[PDB]
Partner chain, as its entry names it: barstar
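In the form solved without the partner chain, a lone chain appears below as structure tokens.
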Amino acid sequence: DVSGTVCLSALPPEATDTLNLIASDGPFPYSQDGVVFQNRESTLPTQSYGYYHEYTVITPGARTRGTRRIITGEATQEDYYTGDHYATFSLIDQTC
């Protein structure tokens, strides 16, 4: 299940950075960035393998990738933000 929508401006500034890197198709800071997201738990809508990809949303001070990510969907303007390590997701609205 998706936890509604959220304006880009209401997410950490790093979320905006990640989306800009995605728009330029990288380069990305972490190797895991750009790999396929399997949606193994079916938290997001059911789609074929490869429809989703995951990208890191840097957490200030973290030595690791942290718990924040943006999952892209192949559809136009389809992006999901998770701040709790894939537990919940919110559709990102880049228009606000």
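Residue numbers count along the first chain shown, from 1.
In this entry, the higher average B-factor at the C-alpha atoms falls on 23-31, of the pair 39-47 and 23-31.
Of the two segments examined, 14-22 and 79-87, it is 79-87 that shows the higher average Cα temperature factor in the deposited entry. The deposited CA B-factor of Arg68 belongs to the middle third of values across its chain.
One more form of this protein exists, namely the form deposited with the partner chain bound; it is left out here, but the text below deals with it.
For a residue to qualify, one of its non-hydrogen atoms must sit within 4.5 Å of the partner chain in the deposited complex; none of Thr76, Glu78 and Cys96 qualifies. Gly66 belongs to the set of residues with a heavy atom inside 4.5 Å of the partner chain in the deposited complex. Taking non-hydrogen atoms only, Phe37 approaches the partner chain to within 4.5 angstroms in the deposited complex. Of the heavy atoms in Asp25, none are within 4.5 Å of the partner chain in the deposited complex. Contacts between 80-95 and the partner chain, taken as any heavy atom within 4.5 Å in the deposited complex, involve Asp84, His85, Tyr86, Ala87.
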